[PDB]
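There is one chain below, alone, in structure tokens, taken in the form deposited in one PDB entry.
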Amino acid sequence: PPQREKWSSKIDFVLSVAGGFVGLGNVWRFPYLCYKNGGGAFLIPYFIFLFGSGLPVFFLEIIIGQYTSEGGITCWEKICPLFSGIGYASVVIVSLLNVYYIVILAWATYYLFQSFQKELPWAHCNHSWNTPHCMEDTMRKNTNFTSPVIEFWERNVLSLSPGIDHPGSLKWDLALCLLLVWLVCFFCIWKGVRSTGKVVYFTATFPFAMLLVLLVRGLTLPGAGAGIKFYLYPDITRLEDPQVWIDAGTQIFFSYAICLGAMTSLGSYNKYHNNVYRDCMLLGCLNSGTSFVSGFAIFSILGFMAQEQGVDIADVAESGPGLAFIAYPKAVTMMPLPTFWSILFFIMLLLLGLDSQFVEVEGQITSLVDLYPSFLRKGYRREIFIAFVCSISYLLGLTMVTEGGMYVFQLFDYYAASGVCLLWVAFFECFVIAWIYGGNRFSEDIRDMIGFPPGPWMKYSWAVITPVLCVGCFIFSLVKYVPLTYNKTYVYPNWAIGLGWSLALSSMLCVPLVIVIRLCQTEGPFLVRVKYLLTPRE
């Protein structure tokens, strides 16, 4: 169809990217990854990756999308048809990401529902699901006494199984919460995402205000000083392992949602001559600042918990994705009328995650319909396609909300869409653009659209800095490989690790496979075939 959509105003583009940027990756993923990696040792790789690859690649996606009015898949048909597999790899990343990203909001919805109560269940462990080993953290410091908050998170919400080999029963309450969130996502996407007028003044601003309140509460705690010292002081010895390097790298590639197709899709709606350099840098600063500021709140709470319980900071909570659900409720318990603040906090989590999810789903649909604009035209066809995609994603998320679903979630988070695949996709993007497509040609394209060249920082980052960082972490991770462990105590079965690698390979292998498919479908000799496919076709 001739029709192609565009933003009605630049504010819409800014809001869409801000909603895509700020979400569970900042307030939930960054705190637990830093806690797992030992605090300060996580930051040095983080800032290296950020100012080295993070922002330049984010500008790369937006400016590629703006240059070619196409989705994540069909954009590469004009830069490099031979390397069109990057778009397929990105969408597979998006498809896998949407399955497990929603489950966090399912946990938040369950927490939100179980906060409509006279007293918060995690304020004491006199409840049924609690073990006799429990002792109130107010008296834990006065042989393996445990906190009630951790007990609620594990026994009640997760109903944690002894291992992934024991899936157990399917949590009906989590399934209905999983369904409710997906129904919200469908009804907000089946027609089209919109700012909806003045409601943005509440949807967008509220999460930052709530985070500020949590930051004030955390820094005012008696043991905040020790937590901040652990957060900021680097452990140089930890840099001798690839874990801190890979975790910091893929976190940025995940938080910025750049290896995904959403950023290209959002850029595709921009005007050709639109100036977005300043906006991209400011939005990146907002995302990085939000994560760094939220880190202070989380670790201040953890420092207070360590001081109260008498245990070390590294041993005070879970070294896994459950850190947010163990730390933030605890801080809420230390506030007047804890029910009110818990309600606002989990509404804050839903608002941050739903806005990001809407961007991810909308980008996935936009990239997919670009392949078949006529068959997937607007109207009934799009509504059916969205309904089918949401239903399949719902059924795919159902396996990780069981008793042993936490291990499946951890496997998905580490390997699928948030691990080596981000390094794989990012390296090929910069390699094609800087070397095969031509850095000088792309700078000319950037100048034609923005009016100014990208500059030495962006050119060198695409040409050298990003490829070197991606390859180095790839080699370092593969040469010093260590297996994945849940909560640093559970060893995954060899088949579970193979499944995780297969999940990673499902996206990584898209690049070589499509290259073979593209090459084999082109007639003539090999040299002519590659020459044609390297030339912009569409």
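Think of the rigid core as the biggest set of C-alphas that the two forms share within 1.5 Å after superposition. Sequential numbering from 1, following the sequence displayed.
The following text describes the form deposited in another entry, which does not appear among the structures shown.
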Shifts of 2 Å or more at the CA atom, core superposed, between this form and the one not shown: which of the listed residues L160, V311, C80, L239 is the one?
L239
Rigid core superposed, CA of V514 - does it shift 2 Å or more between this form and the one not shown?
no
Please check if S195 moves between this form and the one not shown, taking a CA shift of 2 Å or more relative to the superposed core as movement.
yes
Under a superposition restricted to the rigid core, does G20 display a Cα displacement of 2 angstroms or more between this form and the one not shown?
yes
Given that the CA-CA distance for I102 and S16 shifts by 3 Å or more in the other form, does it become closer or farther?
farther
Cα-Cα trend for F412 and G20, given that in the other form the distance shifts by 3 Å or more:
farther
